[PDB]
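Peer 1: Structure provided below as structure tokens; questions to follow.
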Amino acid sequence: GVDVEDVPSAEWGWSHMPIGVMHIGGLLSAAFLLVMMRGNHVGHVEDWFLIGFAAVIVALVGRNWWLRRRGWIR
Amino acid sequence: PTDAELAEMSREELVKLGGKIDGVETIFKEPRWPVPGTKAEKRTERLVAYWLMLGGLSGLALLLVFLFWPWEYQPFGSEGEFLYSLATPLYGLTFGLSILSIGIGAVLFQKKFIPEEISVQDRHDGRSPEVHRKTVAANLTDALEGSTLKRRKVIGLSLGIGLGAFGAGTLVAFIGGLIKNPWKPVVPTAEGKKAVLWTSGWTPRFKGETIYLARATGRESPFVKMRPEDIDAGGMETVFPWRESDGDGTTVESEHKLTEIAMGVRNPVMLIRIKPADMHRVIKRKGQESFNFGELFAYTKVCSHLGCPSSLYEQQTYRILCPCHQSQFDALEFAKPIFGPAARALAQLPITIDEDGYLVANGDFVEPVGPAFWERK
Amino acid sequence: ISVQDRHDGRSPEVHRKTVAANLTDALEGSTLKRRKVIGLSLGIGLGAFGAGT
Amino acid sequence: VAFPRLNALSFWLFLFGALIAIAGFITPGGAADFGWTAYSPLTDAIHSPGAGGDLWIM
Amino acid sequence: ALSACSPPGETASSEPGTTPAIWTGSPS
Amino acid sequence: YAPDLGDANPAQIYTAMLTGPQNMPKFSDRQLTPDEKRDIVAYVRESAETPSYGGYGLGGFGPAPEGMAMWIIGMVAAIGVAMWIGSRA
Amino acid sequence: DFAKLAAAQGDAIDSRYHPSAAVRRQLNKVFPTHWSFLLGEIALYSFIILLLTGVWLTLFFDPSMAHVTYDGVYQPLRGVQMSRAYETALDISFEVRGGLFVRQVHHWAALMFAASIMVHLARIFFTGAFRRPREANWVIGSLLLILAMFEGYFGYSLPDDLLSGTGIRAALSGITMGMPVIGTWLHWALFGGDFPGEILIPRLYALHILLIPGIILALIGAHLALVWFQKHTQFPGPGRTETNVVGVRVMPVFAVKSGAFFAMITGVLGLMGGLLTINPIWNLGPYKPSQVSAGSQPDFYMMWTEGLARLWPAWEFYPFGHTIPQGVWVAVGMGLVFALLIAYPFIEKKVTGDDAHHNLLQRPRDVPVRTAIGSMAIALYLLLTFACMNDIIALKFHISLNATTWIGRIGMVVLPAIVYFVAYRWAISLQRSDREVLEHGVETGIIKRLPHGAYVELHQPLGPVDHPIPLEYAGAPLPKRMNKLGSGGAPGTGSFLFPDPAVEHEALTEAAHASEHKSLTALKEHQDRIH
Amino acid sequence: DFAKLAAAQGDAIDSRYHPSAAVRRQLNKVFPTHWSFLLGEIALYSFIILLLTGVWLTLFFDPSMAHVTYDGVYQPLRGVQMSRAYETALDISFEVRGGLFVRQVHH
Amino acid sequence: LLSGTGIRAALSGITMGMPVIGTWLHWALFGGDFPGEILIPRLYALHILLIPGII
Ligand SMILES: CCCCCCCCCCCCCCCC(=O)O[C@H](COC(=O)CCCCCCC[C@@H](C)CCCCCCCCC)COP(=O)(O)O[C@H]1[C@H](O)[C@H](O)[C@@H](O)[C@@H](O)[C@@H]1O
Ligand SMILES: CCCCCCCCCCCCCCCC(=O)O[C@H](COC(=O)CCCCCCC[C@@H](C)CCCCCCCCC)COP(=O)(O)O[C@H]1[C@H](O)[C@H](O)[C@@H](O)[C@@H](O)[C@@H]1O
Ligand SMILES: CC(C)=CCC/C(C)=C/CC/C(C)=C/CC/C(C)=C/CC/C(C)=C/CC/C(C)=C/CC/C(C)=C/CC1=C(C)C(=O)c2ccccc2C1=O
Ligand code: HEM
Ligand code: HEM
Ligand code: FES
């Protein structure tokens, strides 16, 4: 799924992962970080850390998906 | 090659022929010291010799140190404890040094004197030649077809049935000695016979049994009754279910009972005296509103996650902590798990005092104590 | 009723000659025979380690 | 530059020293809380005894 | 990787409860 | 945390048992009798002052420093020896 | 005198068993000489140590859970009630000359066995040696890894001390008890009843000295038989091809190298068993269900499991009248991991459709996706391992326990993704560096200022020049320093203090140069002729 | 089904390991049929049994010389000082289903 | 009782009675006098692992 210009040694071994796997992986990782807010803990600093990391992951996935959908990123 | 011309081959030619038979061609092999009579060869020979000699002298040191060093354990803070502490490091030093030096000498001999070679072997892998594959397939098919088992369905069906039945019977008669019902009532109780997982040493046995909270003195009479004023506020105690009929460790049956109560996995109880200035902060569990005796609460010392002793009492936070997986229960909220992988509260033991004033258990745990299982709740 | 040939006793001469050639070639090309000190120290060290162990 | 590898060494020493000094927040006592000037008696083992100050120093 | 469930029998209370009575033990 | 007990003289151990400062349970003179307290003091001092017999005590914590030592000494040395014996490419 | 004896013994052996053809075949077998192909051998040699010391330990160990009073030589446990296994372990450590040394060598050998199995697995996975025809050999290796993990677990559980007993109670009891339908049945089949039983230690002793060692011995035998008759893989190189093996014959280079490596590994293990303390049981005391210690961690090859149990967030289920505890997750976790380790070659075969016979290894940089996955798995394993040790990390490095717990929880998601991304880009960038070297030639580090002011670097082409003709990548490593191609010259021969006469220097240097040219020429002729 | 499956399994085995020549050499090995040449076989087969039952016995035996009081089901020995090994042998005989049978088959 | 009598008569008496190294062999094997504590475990390790492995 890659070209010699992108991955020089593409003929030699497995060198492409479909972007769907990465996109759903990011969404699932964000969902896991969010769902970890349900549990047993008095404090709420960890909830904000989870929310921030989930936001960063969702932002990265959204930007990558948007740029592949518009043509800039391939 | 014939015997006559084999008789007239040099050793190098014979090695070449032998390698060629096996599929191996040594395309390079040259002596390590082509130039005779140099000082560098002498130096390398003496280096290998010195490494092997160090190995020999270290083996001798191993023999001598093992035989003659003072090895017997020496008590704390006495003379001869330094030599005892050095005993085992000296065995390790001598043994490892000897064998490591021998290995180094062997590596150096290989790298410096054994001629460097580059041999090439043919793999001959993948599919077998068609003659071998066809002959082996024909042999197997001929066995199966001459057996005639295919055209005899009654014999094949009977053979399958019999072998399967014998295998099933043997497997059952093999594993069956290990299979134990965990719910066979074997433990007496003031309500009949009950399963082990439903009971502990705190379970009363004759409907009015006085079970004392006994501290472990860690000594003849390792357990003793204790009074509520024997715990200062903010202090923690590990108590065990001890009855009058258990004894004091003198007689052998008394020691057996005391051992069996000290080794009960669900026996230990954590007894904590809350400071009164914090007794307003106590939130009580439904159905356990009357299990504490004033400032003294009693909980199980068995974590509800995986059964480790949650035995770290932080008084200024009233937090029970289990070191196995870092669970935190709030002792002010009926030992509710506030952190970690624990999701169930620690059981609370009802306690009171008897006529003499000694702390006793006011009944049994109102739930199973240790880690959860299928049949819980 | 099947009959198989033993093919036992000594090996064919080619195999014996080539095996002897390979083994003596190893021992000779290693040149350990003309290293008296290396051989002696190897024997002493191996024996010392064996006795100690 | 005169020493191209010593240059990269300087940069990485920068990065890792800065990270070490900032990692004092990870400590429960917190990072250095005695100012950037680090005046003497306030910085002793008695006054400001946490580990964030030691990470600051190193 | 799923959600959490509280134990059905682990609720809190508001009743303060009575102080435990002095204990007496049957002879056997 | 609960600190390392090695550098503490007996009176500090005794008074730490006797008056639990912070998140230490308080061990009164009837919960822990003076003879019990002295036995605990003796054991703590003995454990602080005893040298390791098997060699170098890797901090006295157990399998964590042991695994770190194996990965950083034993495995490093083994891999280095393999690199010396073997070849690259 | 010994030549006649050797000839007569060989004649007798050949007349009686006629092994000449087979022995010659085994002596001429060619093994590649890469250093990484030695990694597996470490796991072999330590295992042999584990046998030897193990047999020694069987002469003094009584694996009885019966309770006795010590009355030994160790004063700080005099009069303490302990099991018979703990007392016999104490007697080994104190009452038998060299018993402590044998115990420590045994435990260190177990640790090296596990670690070397892990490093060998990394080699096999990243080089792609699990590919056809070597999938079953990967399956056998994975089974050996699991068996070694559990064998070491049972081993250090054998002396019933506080730490090992706490580990038994946590893992082998709590996790087993909580399994959905058969958990209590498994627990009562294994322990014979409740956890603090009377049969556990003898059963584990039988499993650990006889059953699991026998299974591992049979699996290692089958493993090495497969490696021997499915000849070793190799990296692409000058004289290498899918249909050959380039290296050294067994006699005598390979045999001497393997023996010397065995001796050196035994030396390392002996030195560590003497100079470093491992599992000082007498400091822990006998196991007691009422006591536990702050530093509760297993041997490192199990640590990840505990880390998982430390990080998974208290997720339990309550179906109709039944409880599914948190520990169940951990069990499933392990299962999945082991499953995902056993069937990896088939997963990659399905995903990439690559079902071709492969004898030439792959450099990890040439397979960026598999390298990224392997780095991801290594990062996750390391994170779980350190999360197991987060109490010690919290104590030594000032950080709160909740901080390490939440760092681990968030990390087991964030860190593997970052490591995947970095590894993928790093592998492709290594590919690009290889291409740059192949297309411009090696950078020699020498800068010239041309008369018009041009600062140029001197490039050393690896092939002919027209500027070099760009060579084609052939899956092999490339030189990037000039000292590695011989430009650094040779020092004056001597003894590091005194030179040899210049005639001897000339003779040796000329002979070595001629030999190097002869070796390269032979490889070049073989490469040219075969291709 | 079980013909094409056998052919496919044979092809896969031969492509991965190419044992056809060696396997055929093992299938064509001729063995004399005299009855006495079976005697050694007996010594092998019983040995295999000794392994299997033997492993079973290791799941319940405790090899200790520590003194215990029996306290079991077999009445004629209750309250008798014995060793832990003798106690667990009695437990194999009486407490485990098929334990006595496995013991007797093993001996 | 029967196998213990057999151990005493053969493994102990004959081993003890041998010349020069007899009692040394007995005390190495039994770890002391005949009614030792490391005899049954030693025989168990010889019998389930060592001798079956050699065999
Ligand atoms: C590949 C395996 C395929 C075959 C598996 C073997 C067949 C399973 C059933 C066993 C056959 C029955 C033999 C006796 C079983 C029987 O009938 O048990 C009764 C209650 O069974 C029942 O209703 C049915 C049992 C339900 C099975 C539950 C499945 C859980 C399994 C999967 C988990 C165990 C895993 C074992 C792994 C081994 C770990 C160790 C390496 C009540 O026990 P209990 O009243 O305590 O009395 C005890 C005497 O039974 C008993 O012999 C004993 O010897 C006496 O001491 C006595 O305690
Ligand atoms: C293979 C090399 C090993 C050489 C062994 C060969 C030596 C031959 C004989 C060995 C005899 C044993 C040595 C002395 C006997 C001895 O044990 O001395 C301990 C001293 O220990 C220390 O700290 C000193 C640390 C200095 C050692 C540095 C070497 C450590 C290496 C092996 C670590 C490398 C791995 C790095 C891992 C991370 C790298 C990756 C990032 C006592 O320290 P102490 O002052 O009492 O405090 C303790 C506290 O835990 C506490 O304070 C407590 O209160 C005290 O009770 C006492 O335990
Ligand atoms: C989980 C986490 C975030 C931890 C952070 C704590 C920490 C190390 C903070 C340092 C400050 C920071 C973040 C600096 C960043 C700059 C960088 C890249 C620094 C790199 C240097 C680092 C991080 C070194 C730490 C290495 C580390 C954490 C190792 C694990 C600790 C282990 C396994 C200790 C085991 C161990 C112990 C505990 C002993 O007591 C002992 C005693 C005697 C001999 C050996 C040992 C021994 O090996
Ligand atoms: C892969 C193989 C093996 C591994 C990983 C392993 C691992 C271990 C470990 C880590 C210990 C703890 C020792 C201590 O802490 O003192 C142990 C104990 C023990 N091992 Fe092994 N072992 C293996 C094979 C064997 C074999 C083959 C035997 C017997 C022939 C054996 C006999 C013993 C005995 C008797 C003990 C308990 C005695 C003691 O702890 O001192 N082991 N094992
Ligand atoms: C040539 C091989 C073997 C022989 C001749 C042999 C012989 C015997 C005999 C005669 C007994 C007495 C049985 C009784 O009176 O109850 C016994 C007991 C025992 N055997 Fe073996 N055995 C052999 C191999 C094995 C193996 C391989 C194991 C373990 C894998 C094993 C495990 C045991 C155990 C644990 C006992 C004691 C349990 C009991 O006495 O009930 N044996 N052996
Ligand atoms: S057993 Fe207490 S947290 Fe796991």
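Residue numbering restarts at 1 for every chain of the structure tokens, chains are lettered A, B, ... in their displayed order, and ligands are numbered from 1 as they appear.
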Please, which residues have at least one atom within 7 Å of an atom of ligand 1, using only C-alpha atoms and all ligand atoms, listed as an NGL selection string?
Peer 2: (:B and (171-173 or 175-182 or 184)) or (:G and (182 or 185-186 or 189-190)) or (:H and (95-97))
Peer 1: For region 9-25 of chain D, list every protein, DNA or RNA residue within 10 Å, evaluated using only C-alpha atoms, and leave out those in the same chain fewer than 2 positions away; present the list as an MDAnalysis selection string.
Peer 2: (chainID D and resid 3:7 27:32 50:58) or (chainID G and resid 398:399)
Peer 1: If you count only C-alpha atoms, which residues fall within 9 Å of region 10-17 of chain I, apart from same-chain ones fewer than 3 positions away, as a list in words?
Peer 2: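 Selected residues are residues 5, 6, 7, 21, 22, 23, 24, 25, 26, 27, 30, 33 and 34 of chain I.
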Peer 1: Restrict the distance test to only C-alpha atoms, flag each residue of chain B within 10 Å of chain F, and return the flagged residues as number ranges by chain.
Peer 2: B: 73, 75-77, 81-82, 84-90, 92, 104, 107-108, 110-111, 215, 217-218, 226-227, 229-237, 272-273, 312-319
Peer 1: Please dump the current selection as a compact mmCIF listing (two decimals), in the first residue's frame; keep N, CA and C atoms.
Peer 2:
# COMPACT_ATOMS: atom_id res chain seq x y z
N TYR B 73 27.77 -20.33 59.62
CA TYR B 73 27.10 -19.08 59.95
C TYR B 73 27.52 -18.59 61.33
N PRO B 75 26.78 -15.63 64.41
CA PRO B 75 25.71 -14.76 64.89
C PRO B 75 26.00 -13.29 64.62
N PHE B 76 24.98 -12.47 64.87
CA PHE B 76 25.06 -11.05 64.57
C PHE B 76 26.05 -10.35 65.50
N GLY B 77 26.83 -9.44 64.93
CA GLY B 77 27.72 -8.59 65.70
C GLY B 77 28.75 -9.34 66.50
N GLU B 81 32.15 -12.97 61.66
CA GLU B 81 31.03 -12.71 60.77
C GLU B 81 31.48 -12.16 59.43
N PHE B 82 32.61 -11.44 59.40
CA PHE B 82 33.14 -10.95 58.13
C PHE B 82 33.61 -12.10 57.25
N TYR B 84 32.54 -15.20 57.43
CA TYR B 84 31.34 -15.89 57.01
C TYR B 84 30.66 -15.16 55.85
N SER B 85 30.57 -13.84 55.95
CA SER B 85 29.95 -13.06 54.87
C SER B 85 30.75 -13.17 53.58
N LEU B 86 32.07 -13.34 53.68
CA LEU B 86 32.89 -13.49 52.49
C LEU B 86 32.88 -14.91 51.93
N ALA B 87 32.45 -15.89 52.73
CA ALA B 87 32.46 -17.29 52.30
C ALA B 87 31.87 -17.52 50.91
N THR B 88 30.62 -17.11 50.70
CA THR B 88 29.92 -17.41 49.45
C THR B 88 30.42 -16.55 48.29
N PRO B 89 30.66 -15.24 48.49
CA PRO B 89 31.30 -14.47 47.41
C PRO B 89 32.62 -15.05 46.95
N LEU B 90 33.38 -15.69 47.83
CA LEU B 90 34.64 -16.28 47.40
C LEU B 90 34.42 -17.52 46.54
N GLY B 92 31.80 -17.94 44.58
CA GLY B 92 31.40 -17.38 43.30
C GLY B 92 32.57 -16.82 42.52
N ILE B 104 37.50 -17.86 27.92
CA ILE B 104 38.21 -16.80 27.21
C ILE B 104 39.42 -17.37 26.48
N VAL B 107 38.14 -19.07 23.37
CA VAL B 107 37.76 -18.10 22.33
C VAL B 107 39.00 -17.54 21.66
N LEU B 108 40.01 -17.18 22.45
CA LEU B 108 41.24 -16.62 21.89
C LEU B 108 41.95 -17.64 21.01
N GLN B 110 40.49 -20.02 19.27
CA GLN B 110 39.74 -20.07 18.02
C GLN B 110 40.06 -18.87 17.14
N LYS B 111 40.06 -17.67 17.72
CA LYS B 111 40.22 -16.46 16.92
C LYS B 111 41.64 -16.29 16.40
N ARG B 215 -5.09 -10.57 70.51
CA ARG B 215 -3.88 -10.10 69.85
C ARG B 215 -2.85 -11.22 69.79
N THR B 217 0.70 -12.21 70.45
CA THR B 217 1.89 -11.80 71.18
C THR B 217 3.18 -12.25 70.49
N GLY B 218 3.08 -13.13 69.50
CA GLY B 218 4.25 -13.55 68.74
C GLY B 218 5.29 -14.29 69.56
N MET B 226 -7.98 -9.09 75.06
CA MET B 226 -7.57 -7.70 75.09
C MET B 226 -8.78 -6.83 75.36
N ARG B 227 -8.54 -5.68 75.98
CA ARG B 227 -9.57 -4.77 76.43
C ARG B 227 -9.63 -3.54 75.54
N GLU B 229 -9.48 -0.44 76.16
CA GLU B 229 -8.50 0.59 76.49
C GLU B 229 -7.08 0.20 76.14
N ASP B 230 -6.88 -0.96 75.51
CA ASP B 230 -5.56 -1.39 75.07
C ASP B 230 -5.23 -0.90 73.67
N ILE B 231 -6.08 -0.07 73.08
CA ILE B 231 -5.82 0.53 71.78
C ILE B 231 -5.98 2.04 71.94
N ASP B 232 -4.90 2.77 71.75
CA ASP B 232 -4.98 4.22 71.77
C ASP B 232 -5.58 4.72 70.46
N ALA B 233 -6.25 5.87 70.52
CA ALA B 233 -6.92 6.41 69.35
C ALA B 233 -5.93 6.65 68.23
N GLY B 234 -6.34 6.31 67.01
CA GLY B 234 -5.43 6.32 65.89
C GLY B 234 -4.49 5.14 65.84
N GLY B 235 -4.75 4.10 66.62
CA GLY B 235 -3.91 2.91 66.66
C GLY B 235 -4.61 1.75 65.98
N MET B 236 -3.82 0.80 65.49
CA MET B 236 -4.32 -0.34 64.74
C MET B 236 -3.87 -1.63 65.42
N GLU B 237 -4.73 -2.64 65.37
CA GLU B 237 -4.43 -3.93 65.96
C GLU B 237 -4.85 -5.04 65.01
N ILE B 272 -9.49 -0.85 64.73
CA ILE B 272 -9.01 0.53 64.71
C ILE B 272 -9.88 1.37 65.63
N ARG B 273 -9.25 2.24 66.42
CA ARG B 273 -9.97 3.18 67.26
C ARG B 273 -9.94 4.55 66.59
N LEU B 312 -2.16 -1.85 55.72
CA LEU B 312 -1.49 -0.57 55.89
C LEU B 312 -2.54 0.44 56.35
N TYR B 313 -2.57 0.73 57.64
CA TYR B 313 -3.54 1.67 58.20
C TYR B 313 -2.89 3.04 58.31
N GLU B 314 -3.36 3.99 57.51
CA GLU B 314 -2.96 5.39 57.61
C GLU B 314 -3.99 6.11 58.47
N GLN B 315 -3.58 6.50 59.68
CA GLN B 315 -4.54 7.02 60.65
C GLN B 315 -5.02 8.42 60.29
N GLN B 316 -4.13 9.25 59.74
CA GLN B 316 -4.47 10.64 59.51
C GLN B 316 -5.35 10.79 58.27
N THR B 317 -5.50 9.71 57.51
CA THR B 317 -6.41 9.69 56.38
C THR B 317 -7.43 8.58 56.56
N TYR B 318 -7.24 7.77 57.61
CA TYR B 318 -8.12 6.63 57.89
C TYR B 318 -8.24 5.72 56.68
N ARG B 319 -7.11 5.43 56.05
CA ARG B 319 -7.09 4.69 54.80
C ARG B 319 -6.45 3.33 55.02
Peer 1: Give the residues close to ligand 3, within 6 Å, counting only C-alpha atoms and all ligand atoms; write them as an MDAnalysis selection string.
Peer 2: (chainID D and resid 16 19:20 23) or (chainID F and resid 58:59 64:65 68:69) or (chainID G and resid 392:393 397 404)
Peer 1: Nearest to chain G: which of A:70, A:23, A:29, A:4 is it, counting only C-alpha atoms?
Peer 2: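 Of all the options, A:29 lies closest to chain G.
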Peer 1: Find the residues in chain E near chain G: any atom within 9 Å counts, using only C-alpha atoms. Write them as a list in words.
Peer 2: residues 1, 2, 3, 4, 5, 6, 7 and 8 of chain E
Peer 1: Just to be explicit: take each residue in the selection above, keep N, CA and C atoms, and write the result as a PDB file, in the first residue's frame.
Peer 2:
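Writing done, so here's again-v4.pdb:
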ATOM      1  N   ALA E   1     -12.660  -4.523  27.744  1.00  0.00           N
ATOM      2  CA  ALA E   1     -12.610  -3.086  27.969  1.00  0.00           C
ATOM      3  C   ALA E   1     -14.017  -2.493  27.942  1.00  0.00           C
ATOM      4  N   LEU E   2     -14.689  -2.543  29.087  1.00  0.00           N
ATOM      5  CA  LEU E   2     -16.088  -2.145  29.199  1.00  0.00           C
ATOM      6  C   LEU E   2     -16.263  -1.385  30.510  1.00  0.00           C
ATOM      7  N   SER E   3     -17.515  -1.197  30.915  1.00  0.00           N
ATOM      8  CA  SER E   3     -17.897  -0.284  31.979  1.00  0.00           C
ATOM      9  C   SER E   3     -17.833  -0.965  33.346  1.00  0.00           C
ATOM     10  N   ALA E   4     -18.306  -0.257  34.371  1.00  0.00           N
ATOM     11  CA  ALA E   4     -18.276  -0.719  35.750  1.00  0.00           C
ATOM     12  C   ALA E   4     -19.685  -0.799  36.321  1.00  0.00           C
ATOM     13  N   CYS E   5     -19.851  -1.672  37.310  1.00  0.00           N
ATOM     14  CA  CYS E   5     -21.119  -1.861  37.999  1.00  0.00           C
ATOM     15  C   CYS E   5     -20.867  -1.843  39.497  1.00  0.00           C
ATOM     16  N   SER E   6     -21.659  -1.062  40.225  1.00  0.00           N
ATOM     17  CA  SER E   6     -21.553  -1.054  41.673  1.00  0.00           C
ATOM     18  C   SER E   6     -22.169  -2.322  42.259  1.00  0.00           C
ATOM     19  N   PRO E   7     -21.635  -2.813  43.373  1.00  0.00           N
ATOM     20  CA  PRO E   7     -22.208  -4.003  44.012  1.00  0.00           C
ATOM     21  C   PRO E   7     -23.621  -3.732  44.494  1.00  0.00           C
ATOM     22  N   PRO E   8     -24.570  -4.609  44.165  1.00  0.00           N
ATOM     23  CA  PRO E   8     -25.976  -4.344  44.513  1.00  0.00           C
ATOM     24  C   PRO E   8     -26.236  -4.232  46.005  1.00  0.00           C
TER      25      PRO E   8
END
Peer 1: Residues of chain G were defined as contacting chain H if any atom lay at most 6 Å from it, counting only C-alpha atoms; please report them as a list in words.
Peer 2: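 Taking only C-alpha atoms into account, residues 64, 133, 202, 203 and 206 of chain G sit within 6 Å of chain H.
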Peer 1: Quick one, how far is CA of residue 322 (chain B) from CA of residue 174 (chain G)?
Peer 2: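 Computing it gives 14.1 Å between the two atoms.
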Peer 1: Could you work out which residues of chain B fall inside 6 Å of chain E? Count only C-alpha atoms, and format the result as a PyMOL selection string.
Peer 2: chain B and resi 208-210+284-286+289-290+352-354
Peer 1: Suppose we keep C-alpha atoms; can you now write the selection as a CSV table (one decimal), in the first residue's frame?
Peer 2:
chain,number,residue,atom,x,y,z
B,208,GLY,CA,-23.9,-18.1,71.8
B,209,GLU,CA,-20.2,-18.9,71.5
B,210,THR,CA,-18.0,-16.3,73.1
B,284,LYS,CA,-22.2,3.6,58.2
B,285,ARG,CA,-23.2,0.8,55.9
B,286,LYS,CA,-26.8,-0.3,55.6
B,289,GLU,CA,-25.1,0.6,61.7
B,290,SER,CA,-24.5,-1.2,65.0
B,352,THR,CA,-18.8,-5.5,71.8
B,353,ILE,CA,-17.6,-6.3,75.3
B,354,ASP,CA,-18.5,-9.1,77.6
Peer 1: As a ChimeraX atom specification, list the residues of chain A assigned to helix (DSSP H, G or I) by DSSP on the backbone atoms of this structure.
Peer 2: /A:19-35,45-70
Peer 1: May I have the residues of chain G within 7 Å of chain C, counting only C-alpha atoms, written as a ChimeraX atom specification?
Peer 2: /G:14-16,18,20-21,24,251-252
Peer 1: Near residue 119 (chain G), within 12 Å and counting only C-alpha atoms, which residues show up once chain neighbours fewer than 4 positions away are dropped, as a PyMOL selection string?
Peer 2: (chain F and resi 71+75-76+78-79) or (chain G and resi 36-43+112-115+123-126+145+378)
Peer 1: Give me, as a ChimeraX atom specification, all polymer residues having an atom no more than 9 Å from residue 58 (chain A), counting only C-alpha atoms and skipping those fewer than 6 positions away in the same chain.
Peer 2: /A:26-27,30
Peer 1: Residues contacting ligand 4 - anything with an atom at most 6 Å away, using only C-alpha atoms and all ligand atoms - can you give me those as a list in words?
Peer 2: residues 47, 50, 51, 54, 55, 57, 58, 61, 89, 103, 107, 110, 148, 151, 152, 155, 156, 158, 159, 209, 213 and 279 of chain G
Peer 1: Which residues of chain G sit at most 8 Å from ligand 2, using only C-alpha atoms and all ligand atoms? Give each one's shortest atom pair and distance in Å (one decimal place), in chain and ascending residue order, as CSV.
Peer 2:
residue,atom,partner,partner_atom_place_in_ligand_line,distance
G:272,CA,ligand 2,1 (C),6.9
G:275,CA,ligand 2,5 (C),4.8
G:276,CA,ligand 2,5 (C),6.1
Peer 1: Within region 130-265 of chain B, find each residue whose DSSP state, derived from the backbone, is strand (DSSP E or B), and express the selection as a list in words.
Peer 2: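 Residues of region 130-265 of chain B classed as strand (DSSP E or B): residues 187, 188, 189, 192, 193, 194, 212, 213, 214, 215, 216, 223, 224, 236, 237, 238, 239, 240, 241 and 242 of chain B.
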Peer 1: Give as a VMD selection string the residues surrounding ligand 6 up to a distance of 9 Å, considering only C-alpha atoms and all ligand atoms.
Peer 2: (chain B and resid 302 to 310 321 to 328 340 to 342 371) or (chain G and resid 169 to 171 174 309 to 310 327)
Peer 1: Quote the spacing between CA of residue 128 (chain B) and CA of residue 20 (chain H) in Å to one decimal place.
Peer 2: 6.6 Å
